[PDB]
Structure formats: C-alpha cells, structure tokens
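*Asks:*
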Amino acid sequence: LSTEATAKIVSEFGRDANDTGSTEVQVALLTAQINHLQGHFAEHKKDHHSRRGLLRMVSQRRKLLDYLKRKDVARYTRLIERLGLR
Amino acid sequence: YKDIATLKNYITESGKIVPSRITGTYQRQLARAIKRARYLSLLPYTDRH
Amino acid sequence: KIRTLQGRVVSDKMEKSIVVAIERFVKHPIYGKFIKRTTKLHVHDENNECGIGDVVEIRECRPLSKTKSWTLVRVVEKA
Amino acid sequence: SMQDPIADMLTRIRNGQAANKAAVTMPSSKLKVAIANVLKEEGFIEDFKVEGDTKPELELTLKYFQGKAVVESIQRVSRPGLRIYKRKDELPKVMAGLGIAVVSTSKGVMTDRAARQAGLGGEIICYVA
Amino acid sequence: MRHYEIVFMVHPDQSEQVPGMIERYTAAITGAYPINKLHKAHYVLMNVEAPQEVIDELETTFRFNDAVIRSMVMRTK
RNA sequence: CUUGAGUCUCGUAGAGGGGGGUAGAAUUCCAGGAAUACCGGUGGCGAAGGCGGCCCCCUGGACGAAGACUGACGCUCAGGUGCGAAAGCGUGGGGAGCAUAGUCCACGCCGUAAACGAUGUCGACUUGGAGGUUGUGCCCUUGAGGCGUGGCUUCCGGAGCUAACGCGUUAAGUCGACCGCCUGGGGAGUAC
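Protein chains in written order, with the authors' numbering: chain O, 2 to 87; chain R, 22 to 46, 50 to 73; chain Q, 3 to 81; chain H, 1 to 129; chain F, 1 to 32, 49 to 93.
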C-alpha cells in the first residue's frame, strides 16, 4: 500500500536515485495504488465516504498526464506503454 | 489499560470512571483505557453490581 | 498575400475540404474586456497535406464551392 | 502573490500607511525593482535596498511627514482581466494632474511626463496620489 | 506482517487444560461479577508476531470450544 | 531557477466510515427487541446531512519533526455527475421500548427542510489581549514548568468599517481572480 510494495516500485521508474516526485515516477506509483485500492472497492460497495478519496486521485491521475502531454509527447507514450492506459 | 493498580486507583468508589474535571490530569488515553475496562476481570462490572 | 491569416484544423471528414478556426482578440464593445473569439470557415485544399490539428496559412481565392472560398497556401505545423 | 504580483504588493505598502511602520518588505521580482525606483524619485517614499539572491527581496523605507503620511491615495486600476490600454491623448492626470500616473510605457515605468516628453502611452499600472 | 497480542479468559474447572490448548494454538506461531462462573482464574498472555491471515484460522476455532468465552486481540507498537 | 502546488520517509492524535460478529452500568412479554450510565465536554472527528459499548479486518482525511527531489504541473465554475435529515411509497419480514400498518434491518423510488457561521473560494497583507487543544526545538528539561515555534477552535477589544446593531488576524477591515443570486408588497412557489 504505502511502505512495503512502494519501496520495490520506486526505483523501477526513476531516472536516477531519489528523483521521487518526478512525473514518470509519480503516476506509476499512483496508478498502481488505484488498482489495488479498487480491490477494496471490488467489495464493501457502501463506503460512499471513502469513495471520493478514490475519486480524488483518479482525476489527478489524468491531471499529471496532461503535464506529460504538454511537455514531452515521447515520455507520455512511454509510460502509458508500460501501464496500458486509456 | 491493563494495570490493576494504576487504573483502579483512578476509578471512583461508586464504580464509575473518574472525570478529569475532578482528578486534574494522558486522560484522553486513560478514558479509552477505562472505556474497555469492563472485560479485564481485574475489576467488577461496577461497585453496586 | 492578404494578411496570411493563421488558423488551425478542426475536422477533416470531407473530400479535399477542411475546417479552420481562427484565434482572434477583440475589445468587448461596452465592457472593455478581451474575449478570445474564434470563427469557422471551410478551406479548399487538394493534397490532404495538412492533418487534423495543424497550423495553417490561408489566403482568399475565387469562390469554388458553396460555403468555401479560401485556398491553402502552406502549412507550418505537423500533427 | 498568487494572481497579480503588483496588486498584492499595493496592499502591502499602504498598510504601512495605516500603522506608520518604518521599513516594509515584499518578495521582489525584477519588475518590482522597477516599481519603487519611480516612487522614490518622484518623492513619495525615500529609500530601498534589494537583498537576497535566491529570494530577491526589498527593504523599502516609508515616508510619513507627520501623523499625516505622505502616500495618500494610491490605487491600482489596470487589474488583470480589465486591461485599459490608454492612448496617450486620453491620459489620466491624477487629481487634476497634481499626483503622478504610473504608465507601463515602452521606454520604462517612470511616468509623469509621457504626455509630452516621451510621447507614447500604454497600460496604466496604478494611479498614485 | 504485523505484531499482535492475544487476550482471552480461562475456565476455572478446566484450568488444567491450559498448556494442552497452548501447543494446539502454537501451530500458527510455527505456521508463520456473575458471568455464570466463579470470577477466579489464571491468565495466559503473550506477544505474538503472525501476519494478517495466519491469525484468522485461530479465532475461528472458538465457536466449537466451551472453556474460553471471549476472544480479544490487541497490539503494542 | 525554488517559494505556489505535489510524491516519498518518519512519527502523532482522533464519535472519519464499510463489513464481520460481539455483548452489558441497563430494560417489557412468556423470549429478546433497544442502545448508552459513566467518560461526555467550551473536548474530538468529517465536504455537509452527520457519526458515540468493546476488539480485530479492509479503507478516508488531516498534523508535526526533519531531508530529498518535480519546476507552475495551479485557483475557480455554467451545464454535469455523484453523496443526499425526516417521512412517504415499492417489494421481503418482524413486532417489545411503545408510536394499527409503518418505525428496524434490507433491497428500489423519492431529493426534501432553520440542509440558518440567516457570513461562495483561494491567496497575500494590517493594533491587539486573555482561554481551548494538539504537538514538538532550545533552556540546571533539574518540574506540574519558560521562551519560542506548528495547526485549527473559543472570548472580549484598536485602527478601519457598518444604517445602526456591530465585525474585528478563523472578517464583514485594505485588496486581487473566479462562481451563485436579488431589483416594491399581494396574486405566487400558483395557472399552462
């Protein structure tokens, strides 16, 4: 969720060490943590409180993808290749 | 939460929970500690039963 | 050569014919505010040498079809 | 500032004209050096020192002659989204011309006499009185 | 994983079956007032290490038991 | 390029929920429906309606102490789509506390209200004073304790403002960007 499996996914995308909040490393950490949280909303199906917190970061997932879109068309396609998006 | 001494000196002899407004003290941890106090069997249910 | 009106491409589902919008500022006539206003005019071109999303230079011409009186001159932008 | 650096500066200065502090300070862009190098020269305030190189920032010295404070009624007019690009033969004279009218000309910001001397107006920055 | 703790209450007339029940429920350790009674017993507690699923087999064996009545699990970090 | 914003580390406090069973300080009938006495408050959570037994389970937000790197990536909103106090109604049961279904769980409609901080939102600036609560740096910590220094919430008050009454560092005060809404009362939240 936050500590263990994030620590094995951090260096899978960084252009060097500790570049953590770069936009490549950003979304791939985040989109991963929408699939796994959707396992939690694969059931329980009445938590309308927390569901906006999911709905929060799903829109921000598309927000930073605009920042790949407007700057570098190449690196945009490279990670949605590696994630299979849209 | 689990101590027979440091919790039962800070319960009242009517069985109930001491308020901090009379005790004067950690209380927000102590309250929930005495909220769950009823199953430990180091205490009664209350002093009258 | 007129002003060489710069514009974009909106859609091409037509046979050798495109749709161009044009960015354009103006003073709003009573309030004094700048509203970015755009128009929409059909433009003749044969080669399909501009794609949907480019930036286009346009002059007028003879009125060829209905609803279309502008030829392409050249393109300054890829898709 | 968030969404105008020069408007939110003009709140910061004349709040010093309501408690009579000595020195005022705001985070200072290169435009902001060119602001108070007009207010000093026309005489409305006294002295300023830029400092900082990762936070370039000013040390303006106020000017209150008495309990009365010198910079009486400064007003920004051209606020973003309501640009008023004045042609020069409309020009705002401030308080029958007795003040000054800071106009963003080509040749600089320093503007009383763009009416005749320079000879080209532009966007008003703020009236000053 | 996550550290845990075991809390339960022991039947007095079958307080002789304490360590026999212990080695039964040590399998998960190696795998990873009138309450109608005397109000007199002895407690057995320990701080255990097991993760989120190895524990789940343990508690669902107490609706078939008669000595212990209440199953309580806490933590201390 | 690093301060707006944002991810990581790391701790901290908590009626944020969802499910699962649990179960008495209490309480009618011949079994069980209910839900807190205490803590319970000027506390405390959350975007609001709200939400209080206890433990674990999947999840939600905020906070602090440092570092680290991203280099404007943001703020706002017509329509739009969700969450939506009671009742009512639908279909499927129950029947004590006690209103004869309904109230209660549940699957569907229904979107209603003092759903009234009768105070859109974010940002930056300006005399303040006393209490709340959460931290945590320095300091014989030599302690219940000081100076700071974070965050939100009270209580009275300067200038300024307001028709007054009053607001008053959590604004309504000086401003900037954007959205909702009003233009005399009745007929009327009605005719089609």
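Even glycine gets a Cβ: it sits at the ideal position worked out from N, Cα and C.
In this structure, how does DSSP classify residue 61(O) when only helix, strand and coil are distinguished?
*Replies:* It is helical.
*Asks:* Short check: CB of residue 61(R) to CB of residue 54(R), under 8 Å?
*Replies:* Their beta carbons are not under 8 Å apart, which means residue 61(R) does not touch residue 54(R) by this criterion.
*Asks:* Nearest to residue 203(H) by CA position, among 39(H), 113(H), 109(H), is which residue?
*Replies:* A query on residue 203(H) cannot be resolved here, the shown segment of chain H reaching from 1 to 129 and no further.
*Asks:* Tell me, please, whether the CB atom of residue 82(H) is closer than 8 Å to any CB atom in chain Q?
*Replies:* True, the Cβ-Cβ gap to chain Q drops below 8 Å.
*Asks:* Along chain F, in chain order, which residues have C-beta atoms closer than 9 Å to that of residue 35(R)?
*Replies:* Under the 9 Å cutoff, chain F gives no residues; its nearest Cβ is about 16 Å from residue 35(R).
*Asks:* Enumerate in chain order the residues of its own chain whose CB-to-CB distance from residue 3(F) is below 8 Å, with the five nearest sequence positions on each side excluded.
*Replies:* Answer for residue 3(F): 63, 64, 65, 91, 92, 93, listed in chain order.
*Asks:* Once DSSP output is grouped into helix, strand and coil, what is the label at residue 38(Q)?
*Replies:* DSSP places residue 38(Q) in coil when its eight states are reduced to three.
*Asks:* For residue 47(H), write down the residues that DSSP places opposite it in a beta bridge.
*Replies:* DSSP output for residue 47(H) lists 61(H) as bridge partner(s).
*Asks:* Quick check: what's the CA-CA separation for residue 25(F) versus residue 32(O)?
*Replies:* In a straight line, the C-alpha of residue 25(F) is about 41 Å away from that of residue 32(O).
*Asks:* Mapping DSSP to helix, strand and coil, what is residue 19(F)?
*Replies:* Looking at residue 19(F) - three-state DSSP - the assignment turns out to be helix.
*Asks:* Give me the Cα-Cα distance between residue 38(H) and residue 29(H), rounded to the nearest whole angstrom.
*Replies:* Between residue 38(H) and residue 29(H), the C-alpha separation is close to 15 Å.
*Asks:* How many angstroms separate the CA atom of residue 80(O) from the CA atom of residue 69(O)?
*Replies:* Their Cα atoms are separated by approximately 10 Å.
*Asks:* With a threshold of 8 Å between beta carbons, is residue 4(F) in contact with chain R?
*Replies:* Closer than 8 Å: no.
*Asks:* Ignore the nearest five residues each way along the sequence and tell me which others in residue 101(H)'s own chain have a CB closer than 8 Å to its CB.
*Replies:* So the qualifying residues of the chain are 91, 92, 93, 94, 111, 112, 124, 127, 128.
*Asks:* Keeping to the same chain, check which residues put their C-beta closer than 8 Å to that of residue 56(F); ignore five residues upstream and five downstream.
*Replies:* Around residue 56(F): 12.
*Asks:* Starting from the beta carbon of residue 34(Q), find every residue of chain H whose beta carbon is closer than 9 Å, and list them in chain order.
*Replies:* 82, 83, 84, listed in chain order.
*Asks:* Is the CB-CB distance between residue 62(Q) and residue 18(Q) below 8 Å?
*Replies:* No; because the gap between Cβ atoms is not below 8 Å, this pair is not in contact.
*Asks:* Can you give the beta carbon distance from residue 59(H) to residue 48(H), rounded, assuming they're within the 8 Å contact cut?
*Replies:* Between residue 48(H) and residue 59(H) the Cβ distance is about 6 Å, and since that is below 8 Å, they are a contact.
*Asks:* Which residue or residues does DSSP assign as beta-bridge partners of residue 19(Q)?
*Replies:* Partner(s): 46(Q).
*Asks:* Cutting at 8 Å between CB atoms, please list the residues of its own chain near residue 57(R), excluding the five before and the five after it.
*Replies:* For residue 57(R), where only same-chain residues beyond five positions count, the Cβ hits under 8 Å are 22, 28.
*Asks:* In the DSSP assignment, what are the bridge partners of residue 59(Q)?
*Replies:* 8(Q), 76(Q), per the DSSP bridge assignment.
*Asks:* For a test of the three-state rule: what should DSSP assign to residue 41(H), helix, strand or coil?
*Replies:* Here residue 41(H) sits in coil by DSSP.
*Asks:* Can you tell me whether residue 17(H) is buried or exposed, with buried defined as 16 or more other CB within 10 angstroms of its CB?
*Replies:* Buried, since its Cβ has 16 or more Cβ neighbours within 10 Å.
*Asks:* Answer with buried or exposed for residue 74(Q), where buried requires no fewer than 16 other C-beta atoms within 10 angstroms of its C-beta.
*Replies:* So residue 74(Q) ends up on the buried side.
*Asks:* Is residue 84(H) closer than 8 Å to residue 10(H) when the C-beta atoms are compared?
*Replies:* It is not a contact, given that the beta carbons lie outside the stated cut-off.
*Asks:* I need the DSSP call for residue 17(H), collapsed to helix, strand or coil.
*Replies:* Coil, per DSSP.
*Asks:* With a threshold of 7 Å on Cβ separation, who are the neighbours of residue 71(R) within its own chain once the five nearest residues in sequence on each side are excluded?
*Replies:* Cβ neighbours of residue 71(R) beyond the five flanking positions: 34, 35, 36.
*Asks:* What does residue 50(R) reach in chain F if we use C-beta pairs closer than 8 Å?
*Replies:* Chain F residues near residue 50(R): none, gap ~17 Å exceeds 8 Å.
*Asks:* Against chain R, does residue 88(F) count as a neighbour if the rule is that its beta carbon must be under 8 Å from one of theirs?
*Replies:* At least one chain R Cβ lies under 8 Å of residue 88(F).
*Asks:* May I ask you to list the residues that DSSP assigns as paired with residue 26(Q)?
*Replies:* Answer is 39(Q).
*Asks:* Tell me the residue span of the beta strand (DSSP E) that contains residue 57(F).
*Replies:* Careful: residue 57(F) lies outside any beta strand (DSSP E) and carries neither H nor E.
*Asks:* What does residue 9(F) reach in chain R if we use C-beta pairs closer than 7 Å?
*Replies:* Residues of chain R passing the Cβ test: 65.
*Asks:* From the DSSP output, which residues share a beta bridge with residue 102(H)?
*Replies:* Partner(s): 126(H).
*Asks:* Find the residues of chain F that neighbour residue 68(R), judging by a C-beta separation of less than 9 Å, and give them in chain order.
*Replies:* What residue 68(R) touches in chain F: 49, 55.
*Asks:* Would you mind reading off the limits of the beta strand (DSSP E) that contains residue 89(F)?
*Replies:* Start and end: 87-90.
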